[PDB]
Amino acid sequence: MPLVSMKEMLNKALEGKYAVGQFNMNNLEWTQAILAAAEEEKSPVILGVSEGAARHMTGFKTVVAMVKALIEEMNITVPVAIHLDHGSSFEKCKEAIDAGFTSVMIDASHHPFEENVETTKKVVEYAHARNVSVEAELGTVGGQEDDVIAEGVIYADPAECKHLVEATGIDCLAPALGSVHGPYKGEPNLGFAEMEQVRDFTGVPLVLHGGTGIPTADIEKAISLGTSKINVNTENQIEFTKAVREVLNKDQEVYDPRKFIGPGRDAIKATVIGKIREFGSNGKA
Amino acid sequence: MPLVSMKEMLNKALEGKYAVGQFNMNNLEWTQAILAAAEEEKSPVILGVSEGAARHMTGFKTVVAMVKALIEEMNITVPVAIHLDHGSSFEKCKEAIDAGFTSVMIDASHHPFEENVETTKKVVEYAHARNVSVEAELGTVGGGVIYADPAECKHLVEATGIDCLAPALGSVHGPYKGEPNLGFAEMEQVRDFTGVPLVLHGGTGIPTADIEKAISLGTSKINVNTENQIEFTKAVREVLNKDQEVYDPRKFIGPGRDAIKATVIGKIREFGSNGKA
Ligand code: NA
Ligand code: NA
Ligand SMILES: [Zn+2]
Ligand SMILES: [Zn+2]
Ligand SMILES: [Zn+2]
Ligand SMILES: [Zn+2]
Ligand SMILES: [Zn+2]
Ligand SMILES: [Zn+2]
Ligand SMILES: [Zn+2]
Ligand SMILES: [Zn+2]
Ligand SMILES: [Zn+2]
Ligand SMILES: [Zn+2]
C-alpha cells in the first residue's frame with residue numbers, strides 16, 4: 001500500500017465531525033509506535049516531521065525510506081501521510097516533496113500577510129501539481145520561549161484567513177488561536193469565537209496545533225467548530241521519557257537499550273491510541 | 001556508492017595485518033553513529049544485525065532501507081557491509097540476502113560437525129551466487145565457552161568455501177568474568193590450516209594486547225556490541241539523573257549517539273583500519 005496526502009482523510013474527517021491526529025516522528029521506534037497505534041485502531045494517521053526532527057534523522061530521504069519500509073514490513077493498511085511540519089520556506093517544502101513527502105505545511109505566519117500569501121501560493125503551485133496536500137498558518141502558535149507576552153500567542157485574523165485561503169487554495173489552515181507548543185502555563189485560552197468565524201469564512205479543514213495539554217472539552221469543541229487535524233508531539237516525549245526513567249531507576253545495572261526504549265515505545269503507542277480515540281478517528285480508515 | 005560484501009575488505013585487512021570492526025546496529029541513531037565513525041576514520045565498517053535486533057527494527061527490509069538511505073544522505077564514501085550476525089538457519093540467511101544484505105553468518109556451531117558443514121555449504125552456494133560473503137563458526141562463544149577444533153576448521157573451510165571463519169577460542173558475548181583466556185596456539189593452527197580471515201567474537205572486554213595478538217594470528221574481523229550499549233546507556237543515565245525534568249528525547253539520545261560514535265572511533269583505531277578505506 002502507498003502513502004497518501006492529507007486531502008481525502010481531512011475532508012472525510014470534516015464531514016464526519018472528527019479529527020485526524022498528527023503525531024510527530026522522532027526516530028525509528030517513534031514511527032513503529034505511531035503506525036502500530038494507527039493500525040490497531042484502524043485510523044488514518046499523519047506523521048509529522050519538523051525540519052529539526054528530519055535533521056535528527058539525517059534528512060527527508062532517510063525519513064521517507066524508513067516510513068515506506070515500515071509500512072510494507074509491518075503490513076500497515078490504514079491511510080498514512082507524511083507531512084512537513086512548520087516548513088521554513090518554499091525551498092524546504094520543495095525538498096521534502098521531491099524526497100517523497102505527501103504533504104507539507106508552509107509556515108510563513110511570522111512574515112507580513114502579503115508575503116505569507118505569496119510564498120504559500122507558490123508552495124501550493126508546486127505541491128498540487130504533484131498531488132501533495134498543503135497546510136499554511138496565520139497567527140502565532142505559542143511556545144516555551146523566554147520573555148514573551150502570553151506564551152508568544154498571537155491570534156489569527158479571520159478576515160486574513162478568508163483572504164489567504166481564497167488566494168492560495170491551501171487544503172487546510174492552522175489559525176493560531178491559543179495553541180501553545182509544549183505544556184500550557186495555565187488552562188489553554190482558545191479563541192473559539194474566532195475559530196467559529198474562521199470555520200464560517202474559509203470552509204476548509206482547520207488545524208489545531210499544540211495538542212499536548214489541551215483538555216478533552218477543548219478538543220471536542222474545536223472539532224465541533226471545524227478542526228479536522230490536531231497535532232500532538234510533547235505528550236509522546238513526556239510518556240516515552242517517564243517509562244525510560246522508570247526502567248533505569250528500578251534497575252541500575254541494565255544497559256541493553258531495548259529494555260528501556262521498548263517500554264518507552266510501548267508508552268508512546270498507548271498514548272497515540274488514546275489520542276486517536278479522543279479525536280474520533282478510530283474505525284475511520 | 002552501494003553496499004559491498006565483506007570479501008575485499010577482509011582480505012585487505014588480512015594482508016594489511018589489521019582488523020575491520022563489526023559494530024552491531026540496534027536502531028537509527030546507532031546506525032548513524034557507526035557510519036559517522038567509519039567515515040571520519042576513513043575505514044571500512046561492518047554493520048552487524050542479529051535476528052533479534054532485526055525484529056526490534058521490524059525486519060531485514062527496514063534495516064536495509066534505512067542503511068541505504070543513510071549511506072546516500074550522510075554521504076558515506078567508505079566500504080560498508082551489512083552482515084546477518086549469528087544466522088540461525090539457511091532460511092534466515094536467505095531472507096536477509098533477499099532483503100539486500102551483502103553478507104551473512106550461518107552459525108550452526110551448536111550442531112554436529114557434519115550438519116554444520118552441510119548447512120553452511122547450502123548457505124554459501126546461495127550467497128556466493130549473489131556475491132554475498134559468508135561467515136561460519138566452530139566451537140562456542142561464551143554468553144559456556146567451547147574451543148573450536150583446528151582440524152574441523154580446516155575441513156569445514158575446505159568443504160564449504162566460506163569467506164571467513166569464527167573459531168570460538170575464548171570469546172564471550174558481553175563482559176568477561178575475569179580476563180579473557182584466548183586460545184592463541186589454537187588460533188595460530190586455524191590460521192595456518194585455513195588461510196582465510198578469522199573472526200573474533202565478543203570484542204567488548206578483550207584488552208588491547210589480546211586484540212593486537214589475535215590480529216597477528218590471522219584475525220581480520222572483530223565484533224563489538226556490548227561496549228556500545230554500555231556507553232550509550234551510561235550517557236543517557238548521566239543526563240536523566242542530573243536533570244529530573246527533561247523529557248525531550250534528543251536531550252538524552254543525542255549524547256547516547258555521541259558516546260557510541262566515540263566508542264566506535266576508538267575501536268576502529270585500536271583495530272587498525274583507520275585510513276584503510
Ligand atoms: Na501544547
Ligand atoms: Na566480550
Ligand atoms: Zn537530534
Ligand atoms: Zn519564515
Ligand atoms: Zn492578496
Ligand atoms: Zn505546530
Ligand atoms: Zn501524560
Ligand atoms: Zn524489541
Ligand atoms: Zn542440529
Ligand atoms: Zn550450549
Ligand atoms: Zn609461530
Ligand atoms: Zn557473536
# chains A, B, ... in the order shown; residues from 1 in each chain; ligands from 1

$ closest_atom_pairs --of "chain B" --to "chain A" --cutoff "9 Å" --atoms "only C-alpha atoms" --output "CSV"
residue,atom,partner,partner_atom,distance
B:26,CA,A:257,CA,8.0
B:27,CA,A:28,CA,6.8
B:28,CA,A:28,CA,5.9
B:29,CA,A:57,CA,7.8
B:32,CA,A:58,CA,8.0
B:56,CA,A:258,CA,7.8
B:57,CA,A:28,CA,7.6
B:58,CA,A:74,CA,6.8
B:59,CA,A:73,CA,6.7
B:60,CA,A:73,CA,8.9
B:61,CA,A:69,CA,6.5
B:62,CA,A:69,CA,5.0
B:63,CA,A:66,CA,8.6
B:64,CA,A:69,CA,8.9
B:65,CA,A:65,CA,5.9
B:66,CA,A:66,CA,5.6
B:67,CA,A:62,CA,8.6
B:68,CA,A:62,CA,8.5
B:69,CA,A:62,CA,5.0
B:70,CA,A:62,CA,6.0
B:72,CA,A:62,CA,8.8
B:73,CA,A:59,CA,6.8
B:74,CA,A:58,CA,6.8
B:226,CA,A:256,CA,8.0
B:229,CA,A:255,CA,5.7
B:230,CA,A:255,CA,5.3
B:231,CA,A:255,CA,8.3
B:232,CA,A:255,CA,7.9
B:233,CA,A:255,CA,5.4
B:234,CA,A:255,CA,7.6
B:237,CA,A:248,CA,7.5
B:240,CA,A:245,CA,7.3
B:241,CA,A:245,CA,9.0
B:246,CA,A:241,CA,8.3
B:247,CA,A:238,CA,5.2
B:248,CA,A:237,CA,5.7
B:249,CA,A:237,CA,6.3
B:250,CA,A:56,CA,8.1
B:254,CA,A:56,CA,8.7

$ write_last_selection --atoms "N, CA, C and O atoms" --output "compact mmCIF listing (two decimals), in the first residue's frame"
# COMPACT_ATOMS: atom_id res chain seq x y z
N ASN B 26 21.47 -1.30 16.42
CA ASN B 26 20.33 -1.54 17.29
C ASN B 26 19.16 -0.62 16.97
O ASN B 26 18.03 -0.91 17.32
N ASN B 27 19.45 0.48 16.29
CA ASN B 27 18.41 1.39 15.81
C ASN B 27 18.96 2.50 14.89
O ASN B 27 20.11 2.43 14.45
N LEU B 28 18.14 3.50 14.60
CA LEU B 28 18.50 4.58 13.68
C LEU B 28 19.73 5.35 14.18
O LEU B 28 20.73 5.48 13.46
N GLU B 29 19.66 5.85 15.41
CA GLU B 29 20.79 6.59 15.99
C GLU B 29 22.05 5.73 16.08
O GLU B 29 23.14 6.19 15.80
N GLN B 32 23.57 5.72 12.52
CA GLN B 32 24.18 7.00 12.21
C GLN B 32 25.55 7.13 12.87
O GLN B 32 26.49 7.62 12.24
N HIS B 56 13.57 -6.16 16.43
CA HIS B 56 13.36 -4.92 17.15
C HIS B 56 13.18 -3.77 16.15
O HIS B 56 12.42 -2.84 16.40
N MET B 57 13.84 -3.88 15.00
CA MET B 57 13.76 -2.88 13.93
C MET B 57 12.77 -3.31 12.86
O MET B 57 12.91 -2.97 11.68
N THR B 58 11.77 -4.07 13.28
CA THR B 58 10.71 -4.57 12.40
C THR B 58 11.14 -5.73 11.50
O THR B 58 10.53 -6.80 11.56
N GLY B 59 12.17 -5.53 10.67
CA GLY B 59 12.66 -6.63 9.84
C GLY B 59 13.88 -6.34 8.99
O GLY B 59 14.38 -5.21 8.98
N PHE B 60 14.35 -7.35 8.26
CA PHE B 60 15.51 -7.19 7.37
C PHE B 60 15.32 -6.08 6.34
O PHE B 60 16.26 -5.36 6.03
N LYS B 61 14.10 -5.94 5.81
CA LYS B 61 13.84 -4.95 4.75
C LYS B 61 13.96 -3.53 5.27
O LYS B 61 14.54 -2.68 4.59
N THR B 62 13.42 -3.28 6.46
CA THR B 62 13.55 -1.97 7.09
C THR B 62 15.01 -1.63 7.40
O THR B 62 15.45 -0.51 7.19
N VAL B 63 15.76 -2.63 7.87
CA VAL B 63 17.18 -2.45 8.12
C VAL B 63 17.91 -1.96 6.87
O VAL B 63 18.61 -0.95 6.92
N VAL B 64 17.75 -2.68 5.77
CA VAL B 64 18.41 -2.33 4.52
C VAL B 64 18.00 -0.94 4.00
O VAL B 64 18.86 -0.16 3.58
N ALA B 65 16.71 -0.63 4.04
CA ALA B 65 16.21 0.65 3.53
C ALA B 65 16.85 1.81 4.29
O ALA B 65 17.28 2.81 3.72
N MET B 66 16.90 1.65 5.60
CA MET B 66 17.47 2.64 6.49
C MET B 66 18.96 2.85 6.20
O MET B 66 19.42 3.98 6.06
N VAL B 67 19.71 1.76 6.12
CA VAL B 67 21.14 1.84 5.84
C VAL B 67 21.43 2.44 4.47
O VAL B 67 22.26 3.34 4.35
N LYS B 68 20.74 1.96 3.44
CA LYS B 68 20.93 2.51 2.10
C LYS B 68 20.66 4.02 2.04
O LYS B 68 21.40 4.77 1.42
N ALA B 69 19.61 4.46 2.72
CA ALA B 69 19.26 5.88 2.70
C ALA B 69 20.28 6.72 3.47
O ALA B 69 20.65 7.80 3.03
N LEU B 70 20.71 6.22 4.62
CA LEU B 70 21.71 6.91 5.44
C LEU B 70 23.01 7.03 4.69
O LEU B 70 23.64 8.08 4.68
N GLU B 72 23.55 7.15 1.47
CA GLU B 72 23.43 8.23 0.48
C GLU B 72 23.31 9.61 1.12
O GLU B 72 23.94 10.56 0.67
N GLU B 73 22.49 9.73 2.15
CA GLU B 73 22.15 11.06 2.65
C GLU B 73 23.20 11.64 3.62
O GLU B 73 23.29 12.85 3.77
N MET B 74 24.00 10.77 4.24
CA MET B 74 25.13 11.22 5.06
C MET B 74 26.40 11.31 4.22
O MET B 74 27.46 11.67 4.72
N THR B 226 28.31 -4.97 23.01
CA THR B 226 28.08 -4.60 24.40
C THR B 226 28.69 -3.25 24.79
O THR B 226 28.02 -2.42 25.40
N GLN B 229 26.54 -0.46 23.92
CA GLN B 229 25.32 -0.41 24.72
C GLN B 229 25.64 0.21 26.09
O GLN B 229 24.87 1.00 26.63
N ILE B 230 26.80 -0.15 26.62
CA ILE B 230 27.23 0.38 27.91
C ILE B 230 27.43 1.89 27.84
O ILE B 230 26.94 2.63 28.69
N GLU B 231 28.14 2.36 26.82
CA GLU B 231 28.45 3.78 26.67
C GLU B 231 27.20 4.59 26.33
O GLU B 231 26.99 5.67 26.87
N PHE B 232 26.38 4.05 25.44
CA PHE B 232 25.11 4.69 25.13
C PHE B 232 24.29 4.93 26.40
O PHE B 232 23.91 6.07 26.70
N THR B 233 24.02 3.85 27.13
CA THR B 233 23.21 3.92 28.34
C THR B 233 23.86 4.75 29.45
O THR B 233 23.18 5.48 30.16
N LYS B 234 25.17 4.64 29.59
CA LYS B 234 25.88 5.48 30.55
C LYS B 234 25.58 6.95 30.28
O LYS B 234 25.31 7.71 31.21
N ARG B 237 21.87 7.77 31.21
CA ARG B 237 21.81 7.87 32.66
C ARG B 237 22.31 9.21 33.19
O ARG B 237 21.66 9.81 34.05
N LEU B 240 19.66 11.98 32.42
CA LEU B 240 18.41 11.80 33.15
C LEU B 240 18.59 12.02 34.65
O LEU B 240 17.71 12.58 35.33
N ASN B 241 19.73 11.59 35.18
CA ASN B 241 19.99 11.75 36.61
C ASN B 241 20.23 13.19 37.03
O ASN B 241 19.69 13.63 38.04
N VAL B 246 13.82 17.03 32.37
CA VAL B 246 13.85 16.93 30.92
C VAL B 246 13.04 15.73 30.41
O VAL B 246 13.06 14.64 31.01
N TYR B 247 12.30 15.94 29.33
CA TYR B 247 11.53 14.88 28.68
C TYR B 247 11.81 14.78 27.17
O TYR B 247 11.47 13.78 26.55
N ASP B 248 12.41 15.81 26.58
CA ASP B 248 12.77 15.80 25.15
C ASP B 248 13.81 14.71 24.88
O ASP B 248 14.93 14.80 25.37
N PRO B 249 13.44 13.68 24.09
CA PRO B 249 14.33 12.53 23.93
C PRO B 249 15.70 12.87 23.32
O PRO B 249 16.70 12.25 23.70
N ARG B 250 15.75 13.82 22.39
CA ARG B 250 17.03 14.16 21.77
C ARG B 250 18.05 14.61 22.82
O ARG B 250 19.26 14.50 22.60
N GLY B 254 20.68 11.91 22.02
CA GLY B 254 21.77 12.62 21.38
C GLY B 254 23.13 12.30 21.97
O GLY B 254 24.04 11.85 21.25

$ residues_around --residues "region 84-97 of chain A" --least-positions-apart "6" --cutoff "10 Å" --atoms "only C-alpha atoms" --output "PDB file with N, CA and C atoms, in the first residue's frame"
ATOM      1  N   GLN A  22      -2.225  14.208  13.955  1.00  0.00           N
ATOM      2  CA  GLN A  22      -0.845  14.177  13.510  1.00  0.00           C
ATOM      3  C   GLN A  22       0.020  13.916  14.736  1.00  0.00           C
ATOM      4  N   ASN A  24       4.015  13.601  15.808  1.00  0.00           N
ATOM      5  CA  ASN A  24       5.344  13.846  15.286  1.00  0.00           C
ATOM      6  C   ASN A  24       6.265  12.627  15.422  1.00  0.00           C
ATOM      7  N   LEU A  47       1.977  11.509   9.890  1.00  0.00           N
ATOM      8  CA  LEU A  47       3.297  11.519  10.503  1.00  0.00           C
ATOM      9  C   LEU A  47       3.913  12.904  10.313  1.00  0.00           C
ATOM     10  N   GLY A  48       4.032  13.639  11.409  1.00  0.00           N
ATOM     11  CA  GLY A  48       4.570  14.979  11.345  1.00  0.00           C
ATOM     12  C   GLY A  48       6.082  14.959  11.426  1.00  0.00           C
ATOM     13  N   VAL A  49       6.730  15.743  10.582  1.00  0.00           N
ATOM     14  CA  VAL A  49       8.181  15.811  10.591  1.00  0.00           C
ATOM     15  C   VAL A  49       8.641  17.256  10.545  1.00  0.00           C
ATOM     16  N   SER A  50       9.154  17.757  11.665  1.00  0.00           N
ATOM     17  CA  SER A  50       9.666  19.118  11.688  1.00  0.00           C
ATOM     18  C   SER A  50      10.988  19.072  10.962  1.00  0.00           C
ATOM     19  N   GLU A  51      11.501  20.229  10.568  1.00  0.00           N
ATOM     20  CA  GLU A  51      12.815  20.276   9.935  1.00  0.00           C
ATOM     21  C   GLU A  51      13.903  19.823  10.915  1.00  0.00           C
ATOM     22  N   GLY A  52      13.750  20.193  12.183  1.00  0.00           N
ATOM     23  CA  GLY A  52      14.659  19.732  13.215  1.00  0.00           C
ATOM     24  C   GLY A  52      14.674  18.215  13.358  1.00  0.00           C
ATOM     25  N   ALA A  53      13.493  17.616  13.444  1.00  0.00           N
ATOM     26  CA  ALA A  53      13.389  16.153  13.527  1.00  0.00           C
ATOM     27  C   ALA A  53      13.983  15.462  12.291  1.00  0.00           C
ATOM     28  N   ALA A  54      13.720  16.001  11.101  1.00  0.00           N
ATOM     29  CA  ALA A  54      14.343  15.485   9.882  1.00  0.00           C
ATOM     30  C   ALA A  54      15.877  15.490   9.963  1.00  0.00           C
ATOM     31  N   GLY A  59      17.892  13.183   7.211  1.00  0.00           N
ATOM     32  CA  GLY A  59      17.265  14.055   6.232  1.00  0.00           C
ATOM     33  C   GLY A  59      15.924  13.533   5.782  1.00  0.00           C
ATOM     34  N   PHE A  60      15.285  14.266   4.875  1.00  0.00           N
ATOM     35  CA  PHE A  60      13.974  13.881   4.353  1.00  0.00           C
ATOM     36  C   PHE A  60      13.978  12.525   3.647  1.00  0.00           C
ATOM     37  N   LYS A  61      15.066  12.212   2.948  1.00  0.00           N
ATOM     38  CA  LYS A  61      15.130  10.949   2.209  1.00  0.00           C
ATOM     39  C   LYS A  61      15.191   9.728   3.121  1.00  0.00           C
ATOM     40  N   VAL A  63      14.009   9.648   6.170  1.00  0.00           N
ATOM     41  CA  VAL A  63      12.675   9.667   6.751  1.00  0.00           C
ATOM     42  C   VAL A  63      11.673   8.929   5.852  1.00  0.00           C
ATOM     43  N   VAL A  64      11.633   9.296   4.569  1.00  0.00           N
ATOM     44  CA  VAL A  64      10.734   8.643   3.607  1.00  0.00           C
ATOM     45  C   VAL A  64      11.076   7.167   3.382  1.00  0.00           C
ATOM     46  N   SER A 103       2.699  15.603   1.958  1.00  0.00           N
ATOM     47  CA  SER A 103       2.001  16.742   2.499  1.00  0.00           C
ATOM     48  C   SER A 103       3.053  17.683   3.048  1.00  0.00           C
ATOM     49  N   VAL A 104       2.789  18.982   2.976  1.00  0.00           N
ATOM     50  CA  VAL A 104       3.688  19.970   3.569  1.00  0.00           C
ATOM     51  C   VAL A 104       2.898  21.109   4.185  1.00  0.00           C
ATOM     52  N   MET A 105       3.456  21.663   5.246  1.00  0.00           N
ATOM     53  CA  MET A 105       2.956  22.900   5.786  1.00  0.00           C
ATOM     54  C   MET A 105       4.004  23.951   5.504  1.00  0.00           C
ATOM     55  N   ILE A 106       3.619  25.003   4.800  1.00  0.00           N
ATOM     56  CA  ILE A 106       4.485  26.161   4.681  1.00  0.00           C
ATOM     57  C   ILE A 106       4.041  27.171   5.730  1.00  0.00           C
ATOM     58  N   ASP A 107       4.849  27.338   6.766  1.00  0.00           N
ATOM     59  CA  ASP A 107       4.514  28.275   7.828  1.00  0.00           C
ATOM     60  C   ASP A 107       5.247  29.592   7.624  1.00  0.00           C
ATOM     61  N   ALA A 108       4.543  30.594   7.106  1.00  0.00           N
ATOM     62  CA  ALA A 108       5.134  31.910   6.929  1.00  0.00           C
ATOM     63  C   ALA A 108       4.308  32.931   7.699  1.00  0.00           C
ATOM     64  N   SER A 109       3.753  32.484   8.824  1.00  0.00           N
ATOM     65  CA  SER A 109       2.881  33.308   9.659  1.00  0.00           C
ATOM     66  C   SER A 109       3.630  34.436  10.367  1.00  0.00           C
ATOM     67  N   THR A 119       4.301  33.463  -0.775  1.00  0.00           N
ATOM     68  CA  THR A 119       5.047  32.227  -0.505  1.00  0.00           C
ATOM     69  C   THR A 119       4.131  30.998  -0.553  1.00  0.00           C
ATOM     70  N   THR A 120       3.027  31.057   0.191  1.00  0.00           N
ATOM     71  CA  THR A 120       2.086  29.940   0.285  1.00  0.00           C
ATOM     72  C   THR A 120       1.505  29.563  -1.078  1.00  0.00           C
ATOM     73  N   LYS A 121       1.122  30.568  -1.858  1.00  0.00           N
ATOM     74  CA  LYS A 121       0.582  30.332  -3.188  1.00  0.00           C
ATOM     75  C   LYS A 121       1.598  29.580  -4.053  1.00  0.00           C
ATOM     76  N   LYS A 122       2.863  29.966  -3.938  1.00  0.00           N
ATOM     77  CA  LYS A 122       3.924  29.302  -4.679  1.00  0.00           C
ATOM     78  C   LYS A 122       4.112  27.841  -4.240  1.00  0.00           C
ATOM     79  N   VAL A 123       4.146  27.591  -2.934  1.00  0.00           N
ATOM     80  CA  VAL A 123       4.238  26.212  -2.445  1.00  0.00           C
ATOM     81  C   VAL A 123       3.079  25.362  -2.964  1.00  0.00           C
ATOM     82  N   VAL A 124       1.880  25.949  -2.974  1.00  0.00           N
ATOM     83  CA  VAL A 124       0.682  25.255  -3.450  1.00  0.00           C
ATOM     84  C   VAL A 124       0.777  24.904  -4.940  1.00  0.00           C
ATOM     85  N   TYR A 126       3.440  24.218  -6.646  1.00  0.00           N
ATOM     86  CA  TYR A 126       4.362  23.109  -6.767  1.00  0.00           C
ATOM     87  C   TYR A 126       3.776  21.808  -6.197  1.00  0.00           C
ATOM     88  N   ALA A 127       3.115  21.911  -5.049  1.00  0.00           N
ATOM     89  CA  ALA A 127       2.555  20.740  -4.378  1.00  0.00           C
ATOM     90  C   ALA A 127       1.384  20.117  -5.135  1.00  0.00           C
ATOM     91  N   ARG A 130       1.794  17.977  -7.919  1.00  0.00           N
ATOM     92  CA  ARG A 130       2.376  16.686  -7.570  1.00  0.00           C
ATOM     93  C   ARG A 130       1.498  15.883  -6.614  1.00  0.00           C
ATOM     94  N   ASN A 131       0.228  16.284  -6.493  1.00  0.00           N
ATOM     95  CA  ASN A 131      -0.747  15.659  -5.585  1.00  0.00           C
ATOM     96  C   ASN A 131      -0.297  15.627  -4.128  1.00  0.00           C
ATOM     97  N   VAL A 132       0.303  16.731  -3.702  1.00  0.00           N
ATOM     98  CA  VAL A 132       0.758  16.904  -2.333  1.00  0.00           C
ATOM     99  C   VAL A 132      -0.189  17.903  -1.676  1.00  0.00           C
ATOM    100  N   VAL A 134      -1.412  20.751   1.161  1.00  0.00           N
ATOM    101  CA  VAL A 134      -0.736  21.887   1.776  1.00  0.00           C
ATOM    102  C   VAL A 134      -1.497  22.463   2.952  1.00  0.00           C
ATOM    103  N   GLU A 135      -0.774  22.725   4.035  1.00  0.00           N
ATOM    104  CA  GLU A 135      -1.303  23.480   5.164  1.00  0.00           C
ATOM    105  C   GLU A 135      -0.528  24.786   5.245  1.00  0.00           C
ATOM    106  N   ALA A 136      -1.174  25.828   5.744  1.00  0.00           N
ATOM    107  CA  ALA A 136      -0.497  27.097   5.997  1.00  0.00           C
ATOM    108  C   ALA A 136      -1.002  27.646   7.317  1.00  0.00           C
ATOM    109  N   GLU A 137      -0.404  28.730   7.793  1.00  0.00           N
ATOM    110  CA  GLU A 137      -0.800  29.283   9.085  1.00  0.00           C
ATOM    111  C   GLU A 137      -0.991  30.811   9.099  1.00  0.00           C
ATOM    112  N   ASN A 231      -2.472  18.306  16.238  1.00  0.00           N
ATOM    113  CA  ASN A 231      -1.077  17.876  16.337  1.00  0.00           C
ATOM    114  C   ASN A 231      -0.706  17.524  17.777  1.00  0.00           C
TER     115      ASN A 231
END

$ residues_near_ligand --ligand "ligand 9" --cutoff "10 Å" --atoms "only C-alpha atoms and all ligand atoms" --output "PDB file with N, CA, C and O atoms, in the first residue's frame"
ATOM      1  N   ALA B 108      25.961 -22.542  12.696  1.00  0.00           N
ATOM      2  CA  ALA B 108      25.457 -23.871  13.051  1.00  0.00           C
ATOM      3  C   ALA B 108      26.451 -24.610  13.949  1.00  0.00           C
ATOM      4  O   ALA B 108      26.537 -25.848  13.926  1.00  0.00           O
ATOM      5  N   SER B 109      27.191 -23.845  14.747  1.00  0.00           N
ATOM      6  CA  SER B 109      28.273 -24.391  15.553  1.00  0.00           C
ATOM      7  C   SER B 109      27.757 -25.253  16.701  1.00  0.00           C
ATOM      8  O   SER B 109      28.525 -25.989  17.333  1.00  0.00           O
ATOM      9  N   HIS B 110      26.462 -25.144  16.985  1.00  0.00           N
ATOM     10  CA  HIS B 110      25.868 -25.868  18.105  1.00  0.00           C
ATOM     11  C   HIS B 110      25.134 -27.111  17.603  1.00  0.00           C
ATOM     12  O   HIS B 110      24.189 -27.585  18.232  1.00  0.00           O
ATOM     13  N   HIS B 111      25.577 -27.611  16.450  1.00  0.00           N
ATOM     14  CA  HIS B 111      25.038 -28.825  15.850  1.00  0.00           C
ATOM     15  C   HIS B 111      26.234 -29.712  15.560  1.00  0.00           C
ATOM     16  O   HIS B 111      27.372 -29.237  15.605  1.00  0.00           O
ATOM     17  N   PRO B 112      25.990 -31.005  15.281  1.00  0.00           N
ATOM     18  CA  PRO B 112      27.110 -31.875  14.925  1.00  0.00           C
ATOM     19  C   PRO B 112      27.849 -31.333  13.717  1.00  0.00           C
ATOM     20  O   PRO B 112      27.285 -30.606  12.895  1.00  0.00           O
ATOM     21  N   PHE B 113      29.120 -31.689  13.627  1.00  0.00           N
ATOM     22  CA  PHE B 113      30.005 -31.144  12.622  1.00  0.00           C
ATOM     23  C   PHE B 113      29.447 -31.301  11.214  1.00  0.00           C
ATOM     24  O   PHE B 113      29.427 -30.332  10.450  1.00  0.00           O
ATOM     25  N   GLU B 114      28.997 -32.511  10.875  1.00  0.00           N
ATOM     26  CA  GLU B 114      28.568 -32.810   9.505  1.00  0.00           C
ATOM     27  C   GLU B 114      27.300 -32.048   9.152  1.00  0.00           C
ATOM     28  O   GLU B 114      27.059 -31.725   7.989  1.00  0.00           O
ATOM     29  N   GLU B 115      26.494 -31.752  10.164  1.00  0.00           N
ATOM     30  CA  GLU B 115      25.330 -30.921   9.944  1.00  0.00           C
ATOM     31  C   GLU B 115      25.742 -29.462   9.712  1.00  0.00           C
ATOM     32  O   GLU B 115      25.234 -28.798   8.802  1.00  0.00           O
ATOM     33  N   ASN B 116      26.653 -28.964  10.545  1.00  0.00           N
ATOM     34  CA  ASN B 116      27.225 -27.637  10.332  1.00  0.00           C
ATOM     35  C   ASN B 116      27.757 -27.493   8.900  1.00  0.00           C
ATOM     36  O   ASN B 116      27.422 -26.547   8.183  1.00  0.00           O
ATOM     37  N   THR B 119      24.771 -27.559   6.264  1.00  0.00           N
ATOM     38  CA  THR B 119      24.017 -26.311   6.300  1.00  0.00           C
ATOM     39  C   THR B 119      24.841 -25.141   5.750  1.00  0.00           C
ATOM     40  O   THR B 119      24.347 -24.341   4.964  1.00  0.00           O
TER      41      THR B 119
END

$ select_by_dssp --residues "region 68-261 of chain B" --states "strand (DSSP E)" --output "VMD selection string"
chain B and resid 80 to 87 103 to 106 133 to 138 164 to 167 198 to 200 219 to 224

$ residues_around --residues "region 178-183 of chain B" --least-positions-apart "2" --cutoff "12 Å" --atoms "only C-alpha atoms" --output "PyMOL selection string"
chain B and resi 139+141-142+145-150+167-176+185-190+200-211+213-214+217

$ atom_distance --atom1 "CA of residue 221 (chain A)" --atom2 "CA of residue 141 (chain A)"
18.5 Å

$ atom_distance --atom1 "CA of residue 194 (chain B)" --atom2 "CA of residue 102 (chain B)"
22.8 Å

$ closest_residue --among "B:164, B:264, B:221, B:191" --to "ligand 11" --atoms "only C-alpha atoms and all ligand atoms"
B:191

$ decode --residues "region 30-37 of chain A" --atoms "N, CA and C atoms" --output "CSV table (one decimal), in the first residue's frame"
chain,number,residue,atom,x,y,z
A,30,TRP,N,9.8,5.7,17.5
A,30,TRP,CA,8.7,6.6,17.5
A,30,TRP,C,7.7,6.2,16.4
A,31,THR,N,8.3,6.0,15.2
A,31,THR,CA,7.5,5.7,14.0
A,31,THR,C,6.7,4.3,14.1
A,32,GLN,N,7.4,3.3,14.6
A,32,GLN,CA,6.8,2.0,14.8
A,32,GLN,C,5.6,2.1,15.7
A,33,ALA,N,5.8,2.9,16.8
A,33,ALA,CA,4.7,3.1,17.8
A,33,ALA,C,3.5,3.8,17.1
A,34,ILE,N,3.7,4.9,16.4
A,34,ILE,CA,2.6,5.6,15.8
A,34,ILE,C,1.8,4.8,14.8
A,35,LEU,N,2.5,4.1,13.9
A,35,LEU,CA,1.9,3.3,12.9
A,35,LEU,C,1.2,2.1,13.5
A,36,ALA,N,1.8,1.5,14.6
A,36,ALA,CA,1.2,0.4,15.2
A,36,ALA,C,-0.2,0.8,15.9
A,37,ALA,N,-0.1,2.0,16.5
A,37,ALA,CA,-1.3,2.6,17.1
A,37,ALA,C,-2.4,2.8,16.0
